[PDB]
């Protein structure tokens, strides 16, 4: 197994007005296996970002999602990537982010930009699903199974964005739906979990 280093070139500064949604791209280096843990640094190691319903880090693509930018977000951001199987971490050149203040931010409707795909699982496996929306105000994320009850042990984590189903049974397969919403509008996304037992 392995994990190359991030490129040397600098990541150009970004100026974005408060209220807008943005995504900071991790752009992880070549690697194997693909069981990485993603984190983001603020300005320098080992100062890690605060995560909450407004700032989300995807464990599939490593991107940092910020529902709506706030002045307090000012800082430089680096993607910190760890491969547990080889006890190794590499992080990237920093994206300097410079919020542009606004006296009244523009409302944005919840828009889902992290969309889980169909998943196939063996009976017994754990399944994890991610959903997240840009939006101003910060959108609320809700989960449900389409026209069926959720598996009884399913857990919802990371400020609403992550649905985990444990020790998945055949009965758990079906179409799951993510709903995102703020007062300005809503969005939803659906896909299927298949269980092969």
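Residue numbers count along the first chain shown, from 1.
When 108-116 is weighed against 90-98, 90-98 comes out higher, by mean CA B-factor as recorded in the entry. Once the C-alpha B-factors are averaged per stretch, 131-139 and 26-34 rank with 26-34 first. In this PDB entry, the Cα temperature factor of residue 12 sits in the top third of its chain's modelled residues, the highest group. The PDB entry assigns residue 149 a C-alpha temperature factor belonging to the middle third of its chain's modelled residues.
Residue-level temperature factors show residue 168 in the middle third of its chain, judged at the C-alpha atom.
Annotation for residue 157: C-alpha temperature factor in the highest third relative to the rest of the modelled chain, per the entry. Among the modelled residues of its chain, residue 67 has a C-alpha B-factor that falls in the lowest third according to the deposited record.
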